[PDB]
Amino acid sequence: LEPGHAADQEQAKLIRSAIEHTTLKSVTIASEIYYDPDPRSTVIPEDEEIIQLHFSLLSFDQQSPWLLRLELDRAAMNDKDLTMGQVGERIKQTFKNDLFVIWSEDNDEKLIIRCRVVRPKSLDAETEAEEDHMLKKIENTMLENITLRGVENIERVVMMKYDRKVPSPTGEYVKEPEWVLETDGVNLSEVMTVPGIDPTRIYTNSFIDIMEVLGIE
Amino acid sequence: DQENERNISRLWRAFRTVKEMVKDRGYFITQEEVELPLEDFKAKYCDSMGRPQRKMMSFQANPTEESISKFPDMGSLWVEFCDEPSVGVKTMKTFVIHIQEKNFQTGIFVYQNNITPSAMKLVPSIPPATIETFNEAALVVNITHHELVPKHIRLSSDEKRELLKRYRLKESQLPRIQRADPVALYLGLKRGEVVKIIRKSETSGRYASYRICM
Amino acid sequence: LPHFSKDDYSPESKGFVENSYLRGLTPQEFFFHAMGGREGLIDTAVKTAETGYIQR
Amino acid sequence: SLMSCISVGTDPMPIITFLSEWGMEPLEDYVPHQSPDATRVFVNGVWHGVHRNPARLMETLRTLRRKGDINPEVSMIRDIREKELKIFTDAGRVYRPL
Amino acid sequence: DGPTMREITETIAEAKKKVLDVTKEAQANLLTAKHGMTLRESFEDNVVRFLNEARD
Amino acid sequence: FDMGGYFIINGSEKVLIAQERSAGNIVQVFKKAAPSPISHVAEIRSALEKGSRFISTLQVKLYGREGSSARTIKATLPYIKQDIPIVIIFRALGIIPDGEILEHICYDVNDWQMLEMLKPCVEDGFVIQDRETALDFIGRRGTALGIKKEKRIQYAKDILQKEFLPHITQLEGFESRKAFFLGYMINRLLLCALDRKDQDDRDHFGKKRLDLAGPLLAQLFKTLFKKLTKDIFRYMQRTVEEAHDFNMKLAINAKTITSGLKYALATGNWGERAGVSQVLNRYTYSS
Amino acid sequence: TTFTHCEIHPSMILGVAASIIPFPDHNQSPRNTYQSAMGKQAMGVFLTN
Amino acid sequence: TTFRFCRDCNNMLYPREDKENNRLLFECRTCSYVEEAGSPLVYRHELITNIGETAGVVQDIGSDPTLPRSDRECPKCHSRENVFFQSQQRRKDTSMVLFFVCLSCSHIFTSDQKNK
DNA sequence: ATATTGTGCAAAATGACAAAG
RNA sequence: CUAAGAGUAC
DNA sequence: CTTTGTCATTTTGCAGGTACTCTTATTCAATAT
Ligand SMILES: [Zn+2]
Ligand SMILES: [Zn+2]
């Protein structure tokens with residue numbers, strides 16, 4: 001980490017969240033597809049509150065009746081610094097306006113994400129039948145193809161407390177503790193530029209990556 | 001706007017690394033420009049709306065007295081930053097004709113995401129002018145500040161001749177450094193040029209090696 | 001082993017030898033120690049082959 | 001091992017006849033929906049049918065083998081969790097006495 | 001001698017008691033997984049550590 | 001004190017080392033490596049003791065990794081150049097309705113996970129809805145390539161009767177049994193893919209067999225006697241074609257069997273493996 | 001207490017060569033393996049004839 | 001998901017959009033058998049699966065001599081004796097929680113604490 | 001009667017193939 | 001003599 | 001329209017060092033000179 005914030009444990013947690021790769025698959029408990037004839041009222045009672053907020057805050061006439069519902073995990077949202085707003089924004093950004101997305105609030109008992117595919121104004125006499133399949137395909141890619149936070153090829157990050165030798169201002173060498181990050185998977189080029197870390201002191205087992213990033217020496 | 005903040009921070013870091021690169025290459029860059037703080041960069045090279053502007057970010061550098069004495073064959077240098085995410089052939093053509101008409105023997109082009117391959121083919125212009133392309137994402141961190149990276153010093157032709165004379169070496173008998181190595185790209189090495197490497201050795205305090213660009 | 005119930009994670013079930021060589025080993029401990037020694041011998045053979053090739 | 005022996009193999013026809021006599025439902029007229037909790041009986045890797053009361057069948061097979069009616073080399077396993085009953089009479093199986 | 005053997009037996013018994021306590025916590029699901037590993041991996045790590053330090 | 005159990009070949013005591021092999025007629029499911037497109041493979045090394053004693057390996061493979069969407073199950077039939085989808089095989093054996101095939105494969109209505117994993121297969125084989133059509137589809141893939149268009153059905157039938165799961169039966173009228181066995185294999189593969197069971201251990205000693213002197217001499221003598229009877233048939237055909245007289249003594253060449261057995265026992269190589277027969281160790285009684 | 005069988009004798013898990021070792025349970029297992037391999041090279045009386 | 005089959009040709013039924021009533025409708029793909037959908041759910045995907053942990057429980061599971069016994073309370077009989085085993089879901093990340101079957105009433109109860 | 005002839009890495013190389021100008 | 005195989009020592 | 005990078009195949013060459021003993025086997029059989 002940055003020398004001024006070496007002992008700052010919460011800063012280390014911030015960096016760990018920043019670099020560790022996270023995907024919906026690690027967060028979603030389950031995924032479902034429902035038939036909701038209108039994108040104004042839901043046939044599921046549990047998530048009624050969600051719509052009666054979002055639609056109240058807010059177009060909807062060109063939305064497919066098929067709905068994709070993702071149930072997330074509270075523990076997943078806890079051990080990783082993720083919130084419903086962040087994941088909703090990521091899905092919205094990666095899928096543009098082609099998918100209308102709403103999500104429950106974090107304090108709610110259940111974490112629910114509801115998505116609907118916007119229908120193009122052109123009439124389709126056969127795409128309606130395969131819409132479910134199309135939604136399934138979309139759901140599939142949404143599970144793994146998009147990244148919430150972190151950089152690719154970083155499967156897992158763990159935090160360790162090492163103890164280095166630092167020359168004390170009075171003159172001796174003292175056992176200064178430090179928070180260090182170990183990482184499974186190597187993405188040296190993307191990790192090295194992450195703010196808050198010490199770019200000089202980053203090291204890797206894979207000397208191939210070191211050679212191709214830092215140089216032959 | 002967090003995306004805008006991170007983008008401008010990365011651009012500032014890239015600017016600092018580019019200034020450091022130009023200064024290391026032997027040109028006259030003052031240390032104050034190198035250590036320009038983020039707020040000053042935002043005030044100067046960013047508009048009122050918050051979007052940084054690259055056209056006025058481009059600049060020119062000239063060799064210092066020591067470099068001129070050691071390398072009496074290299075004149076001014078131009079650094080340009082592109083605006084659009086993907087650089088088109090027309091923009092590269094404008095850059096290269098600008099380099100040629102201004103009699104810059106070297107021009108560093110710093111791009112955003114990628115170069116169209118049809119623009120790559122015309123990157124080698126009429127000599128002695130040379131064009132070098134750098135990606136901003138690769139310039140955010142100055143690799144030469146890594147403790148693993150030792151000190152690289154380009155040698156003059158006279159120095160190379162003296163080295164080969166004293167060690168009785170041929171061109172091929174020196175250790176090689178690829179002409180795509182990140183440090184070689186950083187220093188603008190060309191084939192046949194020898195870099196002296198100064199290293200912290202654990203048997204003797206200092207060890208000097210040499211690598212010829214291939 | 002078929003001498004233990006299912007899902008027994010106790011130290012004696014999964015190969016803890018609490019007896020010394022002076023006291024002697026129970027049959028289960030004897031078998032588990034035999035498995036450990038077999039792993040050692042197999043590792044010896046594989047290691048000598050691989051290290052010979054690497055050294056050459 | 002000192003007490004280990006290798007089976008020489010026996011004809012499985014008598015055991016198949018025993019199974020058919022003792023209630024093994026033939027595989028041809030087996031419909032899984034009407035018999036969900038049915039134990040699948042295998043002889044030498046050949047699924048011969050299903051049984052609805054495997055406990056009694058195993059008890060009588062054990063009794064027959066213990067009195068010598070079935071060749072002692074025949075091995076009979078009942079996996080309760082997987083609801084399976086495997087019988088092996090082929091040669092090459094290594095066994096020990098207990 | 002006898003007192004040392006008795007103390008060794010007491011140490012082994014205390015280690016087995018600690019292993020049993022960790023097993024009870026894991027079975028009650030009250031054990032929390034060490035970050036970077038699964039619940040079973042953390043339990044195995046704890047048990048192996050206890051037995052190794054007991055032998056030591 | 002001599003215990004026997006060895007042969008005397010040319011005055012040398014020869015002992016047959018028990019050869020270990022994997023047992024036959026046992027379904028084994030294995031997870032495959034990440035790079036391969038198939039994730040799980042359920043295979044049986046079918047063999048029949050009272051027949052030709054030939055090894056036909058049937059494999060049922062689940063294409064697509066865990067993250068993939070098109071998870072289709074395909075079977076590798078003998079003398080076929082492609083991995084036929086399982087539903088096509090099921091319809092070929094005679095099970096047309098999708099519900100009946102799924103019943104043959106999955107035995108629980110509530111196990112909707114297996115049904116979800118199994119839907120791609122029936123979606124794949126939706127284009128065939130007839131037993132004759134499926135038989136034609138298989139025959140078209142037939143590697144023999146010497147069957148006319150109308151007889152492909154019969155060819156496929158023959159392959160399904162005498163090459164598919166030989167250990168069950170070689171006769172006809174047992175298509176239901178073979179379909180049930182195929183459903184059982186698919187069920188095992190899906191159980192392994194659904195993380196409901198671990199992949200079968202290859203080292204489990206109950207899955208192994210030891211061929212002793214009996215079976216080794218059995219298969220050796222089977223080959224050698226087949227050679228001798230082929231020689232008998234060739235001699236008879238030659239003498240009847242040339243109208244020469246027939247004599248049993250000139251027909252049978254006992255040297256065939258005698259020399260074959262003596263060569264196999266005198267030198268370790270067991271044929272026409274190595275070290276199957278070894279010089280008996282007589283340094284010490286325990287040795 | 002739900003046993004279905006009992007071992008006739010645990011010492012019967014050993015083979016012919018390992019059955020000669022005295023107190024094999026008081027030895028390191030590789031030593032038992034070495035003795036099992038090395039007793040076949042022992043010199044005795046292989047047969048009375 | 002509770003899939004259902006056609007009652008005419010015993011073939012799979014698939015979901016279909018309706019225009020006159022704007023309702024989900026299950027239809028056959030070969031004989032055109034049509035009926036109403038009991039539930040709007042048409043697809044379920046379990047990333048974290050809870051079923052299958054207690055699979056293989058049978059009325060004679062107590063007859064297994066390999067299964068270990070216990071005297072823990074049965075919260076339907078208050079009996080001591082029962083059999084117990086760990087989760088049958090062979091995923092490498094499953095918890096070590098134990099499940100118990102009373103040999104008298106055949107009630108399956110867990111040793112979990114957060115659930116209780 | 002006898003001589004003569006009917007295996008598992010794992011790197012490298014290569015080919016097929018959806019996207020890009 | 002040659003070749004192949006098996007067992008074995010460190 | 002041709003690249004262009006990219007995966008999925010195909011090759012394809014290797015696989016510790018010494019040392020000891022013994023055993024078998026050197027194309028089978030039919031035809032023609
Ligand atoms: Zn129908
Ligand atoms: Zn009860």
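Just so you know, these numbers use all the heavy atoms, side chains as well, and skip hydrogens, waters and symmetry mates. Numbered from 1 within each chain, the chains take letters A, B, ... in sequence-line order.
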Mind calculating the distance between [atom1] ([X]) and [atom2] ([N]) to the nearest angstrom?
{"X": "B/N114", "N": "K/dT4", "atom1": "CG", "atom2": "P", "result": "15 Å"}
{"X": "B/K121", "N": "K/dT2", "atom1": "NZ", "atom2": "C1'", "result": "11 Å"}
{"X": "C/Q55", "N": "K/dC14", "atom1": "CD", "atom2": "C1'", "result": "17 Å"}
{"X": "F/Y283", "N": "K/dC20", "atom1": "OH", "atom2": "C1'", "result": "13 Å"}
{"X": "F/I8", "N": "K/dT24", "atom1": "CD1", "atom2": "P", "result": "13 Å"}
{"X": "F/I38", "N": "K/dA8", "atom1": "CD1", "atom2": "P", "result": "14 Å"}

Discussion item. Check this one for me: any side-chain N or O of F/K14 less than 4.0 Å away from OP1 or OP2 of K/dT24?
Written reply: yes

Fill in: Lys/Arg cation over aromatic F/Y6: F/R282, 6.0 Å, 45° cone
yes

Worksheet item: With sequence neighbours left out, what residues match A/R90 under side-chain contact (heavy atoms from CB on, under 4.5 Å)?
Response: A/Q93, A/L148

Item to complete: Could you label the plane-to-plane angle of the F/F1 and F/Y285 rings as parallel, tilted or perpendicular, counting under 30° as parallel and over 60° as perpendicular?
Response: perpendicular

Worksheet item: Is the shortest distance from a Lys or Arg side-chain nitrogen in F/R71 or F/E66 to a carboxylate oxygen in the other one below 4.0 Å?
Response: yes

Worksheet item: What string of B, S and - do you get for nucleotides 25-33 of chain K, 5' to 3', if B is base contact, S is sugar-phosphate-only contact and - is no contact with any protein heavy atom under 4.0 Å?
Response: S---S----

Response to the item:
B/S/- along nucleotides 5-10 of chain J (protein heavy atoms under 4.0 Å) is SSSSS-

Worksheet entry | K/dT26: pairing nucleotide in any strand, Watson-Crick or G-U under 3.5 angstrom | none

Worksheet entry | Residue met sooner reading DNA chain K from 5', once F/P35 and C/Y53 are mapped to nucleotides | F/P35

Worksheet item: Using the sign of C1'-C2'-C3'-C4', would you call the sugar of K/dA15 north or south?
Response: north

Fill in: Sugar pucker assignment (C1'-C2'-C3'-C4' positive north, negative south) for I/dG6
south

Fill in: Enclosure of B/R191 CZ (heavy-atom neighbours >12, cutoff 6.0 Å)
no

Worksheet item: Above 12 or not: heavy atoms from other molecules or residues under 6.0 Å from CZ of F/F54?
Response: yes

